[PDB]
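So the structure is just underneath, and the comments pick up after that.
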Amino acid sequence: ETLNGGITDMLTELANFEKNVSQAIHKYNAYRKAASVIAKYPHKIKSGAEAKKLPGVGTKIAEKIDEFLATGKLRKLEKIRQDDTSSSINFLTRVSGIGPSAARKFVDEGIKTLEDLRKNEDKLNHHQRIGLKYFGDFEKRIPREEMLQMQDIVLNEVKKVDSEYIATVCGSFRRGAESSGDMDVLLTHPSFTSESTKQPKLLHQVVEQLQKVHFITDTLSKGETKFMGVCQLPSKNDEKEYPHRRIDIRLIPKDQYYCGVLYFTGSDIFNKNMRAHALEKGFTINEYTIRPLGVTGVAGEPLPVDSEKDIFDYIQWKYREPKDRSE
DNA sequence: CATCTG
DNA sequence: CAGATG
Ligand code: NA
Ligand code: NA
C-alpha cells in the first residue's frame, strides 16, 4: 500500500502506455497483473530477483524494477514522458468521445491539440463534437450543492410526467460526497420489468420533458434504455451561468431496481464485501439480482426485492445508510 | 453492456 | 457487421 508503491506505480505508467500508445494489450495486460501482485506483496521489494519470484513477474519487468530500484528513475519511463506523440495521445483522449483508437488516427494526421481539433471539426463525430465544445465544463467537478438543485429538478419533472415513475440518484452523491463528476439517474416504472416486453416510451418521455424545460442540453447517445446527455441548471439572473454537466439516465425493470440501485451506489469496496458476505450467507449478487446459492456448486432463482432493505435482510446484515456504504 | 458509426 | 467509447 506504500511499501511497493513506486514499483506499482511505474508499472502502472508502463502498462498504460502499452495499451494507449502502442497497441500492446498483452504487454499491457502484463504490467498489470504484475503491479497487482507486487501490490499485494507483504514485504519491501529490495531487488529485481526478489520480485521475479513472484508470478507475473518475469525477466523484463524484473529488470525494470532493478533499474528503478537502482536509480530513482527509469529510462523508458523518461523517454515516453517526453515523446510528443505519446503525450498527444494522452491528451486527445481527454475529450469525451475520443478514445485511444481515435487519438492515434488524429495524431497521425497531425491533430495534436485542442486548436487542431477545432480546425478539424469536420473529422469529429457528434459525440466528439460535444466533447470538444465542453472540454472545460466536462472536466469540472460537480459540487453537491449543484447536485441538489439538479436532483431537485429531474425528480420534479419525472414526477409530473408520471406519478408512478421511480427515480434515484446513485453515485457518490448518494453515499455522501461533497462533489461528483457526473449525474447518474436510475429509472424504473411499475409497468416495466424482467418479462414485460419493452416500453421505450418510458425512457423517451422523460428525456423529452427534461429538454422541454431545458435541463437537458444535448444528446450524446439515446437508446431504448440508456440515455447519455448534457444538462444545465438555468442561469439565474444573468452574470453566472453554469457549466455543462454530463448526465445519464437509465431505465430498469422495476423487478431489479434496488439491486441496481444498490449496485451503482457503491463504493466498489462496499460492494465486494457485501458481495462476499452474500456468498457466505449462501447467496449471490450482481447488478440485477440476488440469488439463493445451491450446493452442487452453484444455482439460481431470483429472490424477490422491494428495497435495499430486502437485500441486506437476505444476507442478514445491518442495513447501511448510504453514507456508511463507504467500505 | 448499450449505442454509434461506417 | 466489427469495432469504439463511455
Ligand atoms: Na475521451
Ligand atoms: Na478480430
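If you're wondering about the labels, chains in the C-alpha cells are A, B, ... by order shown, residues count from 1 in each chain, ligands from 1 in order shown.
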Using only C-alpha atoms (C1' of nucleotides), find the residues of chain C whose closest atom to chain A is at most 9 Å away, then write them as a tab-separated table (two decimals) with N, CA and C atoms (P, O5', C5', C4', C3', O3' and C1' of nucleotides), in the first residue's frame.
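Below is the file that was written, iface_8.tsv:
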chain	number	residue	atom	x	y	z
C	4	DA	P	-11.18	-0.85	-32.59
C	4	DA	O5'	-12.05	0.35	-31.98
C	4	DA	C5'	-12.56	1.34	-32.81
C	4	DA	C4'	-13.40	2.27	-31.94
C	4	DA	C3'	-12.83	2.63	-30.57
C	4	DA	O3'	-12.40	4.00	-30.67
C	4	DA	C1'	-15.22	2.07	-30.50
C	5	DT	P	-11.77	4.92	-29.56
C	5	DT	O5'	-13.02	5.03	-28.59
C	5	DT	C5'	-14.08	5.87	-28.90
C	5	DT	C4'	-15.10	5.99	-27.77
C	5	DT	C3'	-14.56	6.11	-26.36
C	5	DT	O3'	-14.96	7.32	-25.88
C	5	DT	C1'	-16.49	4.71	-26.47
C	6	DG	P	-14.39	7.95	-24.53
C	6	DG	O5'	-15.65	7.94	-23.61
C	6	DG	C5'	-16.86	7.74	-24.18
C	6	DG	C4'	-17.97	7.52	-23.15
C	6	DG	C3'	-17.72	7.73	-21.68
C	6	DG	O3'	-18.86	8.25	-21.05
C	6	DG	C1'	-18.41	5.52	-22.07
Next on the checklist: If DSSP is run on the backbone, what residues of stretch 67-110 of chain A are alpha helix (DSSP H)? A reply as a PyMOL selection string would be ideal.
Outcome noted: chain A and resi 67-70+75-82+84-92+100-109
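Interatomic distance, atom CA of residue A:263 to atom CA of residue A:19: 28.6 Å.
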Give me, as JSON lines, the closest atom pair and its distance (Å, one decimal) for every residue of chain A within a cut-off of 12 Å of chain B, counting only C-alpha atoms (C1' of nucleotides), rows sorted by chain and rising number.
{"residue": "A:97", "atom": "CA", "partner": "B:4", "partner_atom": "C1'", "distance": 10.8}
{"residue": "A:124", "atom": "CA", "partner": "B:5", "partner_atom": "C1'", "distance": 11.2}
{"residue": "A:125", "atom": "CA", "partner": "B:5", "partner_atom": "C1'", "distance": 8.5}
{"residue": "A:126", "atom": "CA", "partner": "B:4", "partner_atom": "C1'", "distance": 9.8}
{"residue": "A:127", "atom": "CA", "partner": "B:4", "partner_atom": "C1'", "distance": 9.2}
{"residue": "A:128", "atom": "CA", "partner": "B:4", "partner_atom": "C1'", "distance": 11.6}
{"residue": "A:219", "atom": "CA", "partner": "B:3", "partner_atom": "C1'", "distance": 11.8}
{"residue": "A:220", "atom": "CA", "partner": "B:3", "partner_atom": "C1'", "distance": 9.4}
{"residue": "A:221", "atom": "CA", "partner": "B:3", "partner_atom": "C1'", "distance": 6.3}
{"residue": "A:222", "atom": "CA", "partner": "B:3", "partner_atom": "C1'", "distance": 7.3}
{"residue": "A:223", "atom": "CA", "partner": "B:3", "partner_atom": "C1'", "distance": 6.4}
{"residue": "A:224", "atom": "CA", "partner": "B:2", "partner_atom": "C1'", "distance": 9.1}
{"residue": "A:225", "atom": "CA", "partner": "B:2", "partner_atom": "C1'", "distance": 8.2}
{"residue": "A:226", "atom": "CA", "partner": "B:2", "partner_atom": "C1'", "distance": 7.1}
{"residue": "A:227", "atom": "CA", "partner": "B:3", "partner_atom": "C1'", "distance": 9.0}
{"residue": "A:228", "atom": "CA", "partner": "B:3", "partner_atom": "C1'", "distance": 9.4}
{"residue": "A:250", "atom": "CA", "partner": "B:2", "partner_atom": "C1'", "distance": 10.5}
{"residue": "A:251", "atom": "CA", "partner": "B:2", "partner_atom": "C1'", "distance": 11.9}
{"residue": "A:287", "atom": "CA", "partner": "B:1", "partner_atom": "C1'", "distance": 11.4}
For the residues selected in the previous step, produce a file with C-alpha atoms as a PDB file, in the first residue's frame.
ATOM      1  CA  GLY A  97     -15.723  10.702 -27.335  1.00  0.00           C
ATOM      2  CA  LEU A 124     -15.200  14.622 -35.445  1.00  0.00           C
ATOM      3  CA  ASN A 125     -18.436  12.900 -34.937  1.00  0.00           C
ATOM      4  CA  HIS A 126     -21.319  14.333 -32.825  1.00  0.00           C
ATOM      5  CA  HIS A 127     -20.156  12.886 -29.521  1.00  0.00           C
ATOM      6  CA  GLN A 128     -16.641  14.136 -30.044  1.00  0.00           C
ATOM      7  CA  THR A 219     -27.850  14.180 -26.658  1.00  0.00           C
ATOM      8  CA  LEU A 220     -24.663  12.008 -26.569  1.00  0.00           C
ATOM      9  CA  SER A 221     -26.473   8.780 -27.060  1.00  0.00           C
ATOM     10  CA  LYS A 222     -30.090   7.890 -26.896  1.00  0.00           C
ATOM     11  CA  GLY A 223     -31.133   4.264 -26.803  1.00  0.00           C
ATOM     12  CA  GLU A 224     -34.137   2.499 -25.610  1.00  0.00           C
ATOM     13  CA  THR A 225     -32.938   2.193 -22.145  1.00  0.00           C
ATOM     14  CA  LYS A 226     -29.927   4.277 -21.729  1.00  0.00           C
ATOM     15  CA  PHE A 227     -29.630   7.799 -22.455  1.00  0.00           C
ATOM     16  CA  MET A 228     -26.335   9.752 -22.375  1.00  0.00           C
ATOM     17  CA  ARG A 250     -31.288   4.512 -17.483  1.00  0.00           C
ATOM     18  CA  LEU A 251     -34.458   2.524 -17.464  1.00  0.00           C
ATOM     19  CA  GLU A 287     -26.072  -5.691 -10.777  1.00  0.00           C
TER      20      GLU A 287
END
Item to check | strand (DSSP E) positions in stretch 168-272 of chain A, given as an MDAnalysis selection string | outcome: chainID A and resid 168:169 179:180 183:189 216:222 226:231 245:253
Checklist entry - Counting only C-alpha atoms (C1' of nucleotides), what is within 9 Å of residue A:308, bar same-chain residues fewer than 2 positions away, as a PyMOL selection string? => result chain A and resi 258-259+261-262+305-306+310-313+319
Next on the checklist: I want to know what sits within 8 Å of stretch 244-249 of chain A, based on only C-alpha atoms (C1' of nucleotides), with residues of the same chain fewer than 5 positions away left out; could you give that as a PyMOL selection string?
Outcome noted: chain A and resi 134+137-138+142+181-187+226-232
Checklist entry - Excluding same-chain residues fewer than 2 positions from stretch 46-63 of chain A, what lies within 8 Å of it counting only C-alpha atoms (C1' of nucleotides), as a ChimeraX atom specification? => result /A:30-31,33-34,37-38,44,65-67,69
Next on the checklist: Just the number, please: distance in Å from atom CA of residue A:327 to atom CA of residue A:177, one decimal.
Outcome noted: 13.8 Å
